[PDB]
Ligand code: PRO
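As structure tokens, one chain now follows by itself in the form solved without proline (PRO).
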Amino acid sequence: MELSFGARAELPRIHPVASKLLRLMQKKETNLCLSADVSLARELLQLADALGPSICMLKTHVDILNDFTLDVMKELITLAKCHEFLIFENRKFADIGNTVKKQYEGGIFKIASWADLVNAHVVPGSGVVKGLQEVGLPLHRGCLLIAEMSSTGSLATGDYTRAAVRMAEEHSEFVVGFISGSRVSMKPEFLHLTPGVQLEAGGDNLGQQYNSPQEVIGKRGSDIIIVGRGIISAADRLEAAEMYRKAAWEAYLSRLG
């Protein structure tokens, strides 16, 4: 029997980062994650402020931010706290444990110092998780494993996907869910976040493929839609965010009955 986001937030085995997310999704009636794929700090902060009320999460892309500083991230956190959304850094960690540990904590970005959530590929084996968790657990963070991808020719299928799910299950102190195109775990403590979402059919010219909020939330059983260009390229970004939020929210409610 399907549980509401509010009930899932209270499950005994729920991770605190997932509980926080689930509570604000219910409170705000949004299961929309904005993919903030922009080059400038001013654009990032303007979108976070204007769309904050409509979103549960803002997916940053610090590797493409031309004018990144840690002060930009301080200010983003203030917006996150004010508007109540989590910060999810896009960087798709995909290296050996020892390396990802340093990539997560260190460098100029210090991702673990400001990102509530990160995501990681499972291709290196479970050391990728063990390395990230060494930094993330003390910092009270969570992680998503990339169980499926939205792009043409994705190899994250079959036994690979199943490996991601086992890895997540075995590291539930840190792993809070998945990047996936559908529900891949039957355990309600895990979140499912789906990119490759637009209202209309289509793709991009570098292998991105799109499915609708109704398809992914309603038919395929995911929890959260991640949307970049569908919102950012629109003339009215606030209206676009609202259409996506309403679409994803209604799809969830219908599945809930």
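Note that residue numbering begins at 1 and tracks the sequence as displayed.
The following text describes the form deposited with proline (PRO) bound, which does not appear among the structures shown.
Steric access to the site is blocked in the shown form: after superposition of the site C-alphas, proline (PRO) as positioned in the deposited bound form has three or more atoms within 2.4 Å of backbone or C-beta atoms.
Looking at 132-140, 77-85, 183-191, 158-166, the stretch with residues near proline (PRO) in the deposited bound form, meaning non-hydrogen atoms within 4.5 angstroms, turns out to be 132-140. Put simply, of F174, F93, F109, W114 only one has a heavy atom within 4.5 Å of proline (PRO) in the deposited bound form, and it is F174. Contacts of stretch 100-120 with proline (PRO) in the deposited bound form, defined by any heavy atom lying within 4.5 Å, are made by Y104 alone.
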